[PDB]
Amino acid sequence: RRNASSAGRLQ
Amino acid sequence: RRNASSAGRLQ
Amino acid sequence: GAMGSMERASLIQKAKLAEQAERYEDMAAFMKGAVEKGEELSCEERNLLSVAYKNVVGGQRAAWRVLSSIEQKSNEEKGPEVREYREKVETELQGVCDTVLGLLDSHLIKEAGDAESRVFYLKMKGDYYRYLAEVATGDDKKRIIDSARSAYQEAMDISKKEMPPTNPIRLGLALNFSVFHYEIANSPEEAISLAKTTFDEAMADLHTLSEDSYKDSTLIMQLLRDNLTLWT
Amino acid sequence: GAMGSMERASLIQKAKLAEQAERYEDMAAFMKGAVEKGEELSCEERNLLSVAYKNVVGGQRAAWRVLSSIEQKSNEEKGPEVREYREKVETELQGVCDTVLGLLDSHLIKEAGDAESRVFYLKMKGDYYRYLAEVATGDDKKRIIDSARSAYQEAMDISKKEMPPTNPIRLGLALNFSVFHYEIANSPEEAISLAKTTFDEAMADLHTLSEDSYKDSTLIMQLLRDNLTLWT
Ligand SMILES: [Mg+2]
Ligand SMILES: [Mg+2]
Ligand SMILES: [Mg+2]
Ligand SMILES: [Mg+2]
Ligand SMILES: [Mg+2]
Ligand SMILES: [Mg+2]
Ligand SMILES: [Mg+2]
Ligand SMILES: [Mg+2]
């Protein structure tokens, strides 16, 4: 896989 | 489905 | 001529890099540059031009349909924002269509003497008038539809005289003209008759092809079949 | 101020329409406009700004990696085109990063007094310096990495004092700082320790949450777990 970073929207 | 049209590249 | 200072060969190389990077706006700017050098395009170069603009207008058309659908729901049994933003997207789409039709008219079509180049460019001309027709609503709509029909008809007359029925450009033209008939000209029966006749004539010519030509023809014949299954 | 003449409320409405249409460049231009009105952003508005730029730089970063990979293969055991086109994409990426960091500095961060707003903006500042660090190669690289680290560290200090361990912004910050450590700072052990500690502390706080908060926290905790599975 690639490294996962956070979505643009968090909540 | 939607109507299919030709790809940009044909051959 | 933003690309006026770059070599034709560099513009073509960078169009291929942009395709790999899925940077279709860059790919279109590079291929507009290449066309404006004034030389005719090879088969592969015509495909680069077609892929680049297809993908740019493809994203504009998908955006337009999302917005136009929200706008229609707002007008059932709010402010100007949805209409204003649909118009902005529609205006940019019309500009990309105008740019392609401009390149075809100055001077790709008049210098295209071989059946494969001329049919390819006339098909494109039909396609970009069809995209304009999809968003047209005023005094010009009838003339836009007739411009599409006329380009497609000239392409069909040449393809029928000069190309075998399995030629991928001929098959792609016939597929797109049938979508024109169904979606734009309100002629579903013409759409269904053209797709059927096109499929059947290609089927009867598959025996003449190499495994590689066979695979190119049958890919497009499957889209004729998917449309006929949807339409019948 | 291209958006100087449009109402703040119209820019926010059109940013939501652009998101639905997947027109992320338009969405970013609309949210830059909204920020430049000089009012603070609500939670939902901060999310619109973050989504819009995330998607714009997301496509630039994916394009850059495709091109940089072709360029590296050309330099193993050709002309300037691949390098020139990688540089063009890299320059546009750096400009989008500079625009975001510009909005955070003028004046989103200095007016953000609540922990949720301040942490959100400092996380963004770390993120956009991290994207710059990903393409940095010259005299500035060490200072770019330290700018990312410093923004993330200030965000982490506030989130640890002011937010519960399951707060989605706190969890998203910790996820991104751990990717910073692994991918940018050459500190895989720091990456793995931060992701583990972040996961475990959130796990122990899930019992305090509603089913809806639980679902937001566990979505981001799963990304900590996917990274730890990849890294160990
Ligand atoms: Mg020359
Ligand atoms: Mg030359
Ligand atoms: Mg009938
Ligand atoms: Mg009937
Ligand atoms: Mg006002
Ligand atoms: Mg106002
Ligand atoms: Mg160890
Ligand atoms: Mg170790």
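Don't overthink the numbers, they just go from 1 along the chain as shown.
Technique stated in the header: X-ray crystallography, 2.2 Å.
Placed from the backbone N, Cα and C atoms, the Cβ positions cover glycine too.
Copied from the PDB entry, the annotated features are:
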SEQADV    D:1-5  expression tag
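The following features are taken from Swiss-Prot:
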MOD_RES   D:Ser10  phosphoserine
SITE      D:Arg61  site 'Interaction with phosphoserine on interacting protein'
SITE      D:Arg130  site 'Interaction with phosphoserine on interacting protein'
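Long-range Cβ proximity for D:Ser10 (phosphoserine), meaning a same-chain Cβ under 8 A and a gap of 6 or more residues, is found for none. The separation of D:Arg130 (site 'Interaction with phosphoserine on interacting protein') from D:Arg61 (site 'Interaction with phosphoserine on interacting protein'), Cα to Cα, is 11 Å.
Across the range of the expression tag (D:1-5), the DSSP-based residue counts are 0 helix, 0 strand, 5 coil.
Across the unmodelled segment of 4 residues, the C-alpha atoms of D:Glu77 and D:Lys78 are separated by 13 Å.
Neighbour counts were taken at the CB atom with a 10 A radius for the recorded sites D:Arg61, D:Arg130; the maximum falls on D:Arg130. In sequence order, the recorded positions near chain C (CB to CB under 8 A) are D:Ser10, out of D:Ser10, D:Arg61, D:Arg130. In the three-state DSSP assignment, the secondary structure recorded for the residue listed as 'phosphoserine' is helix.
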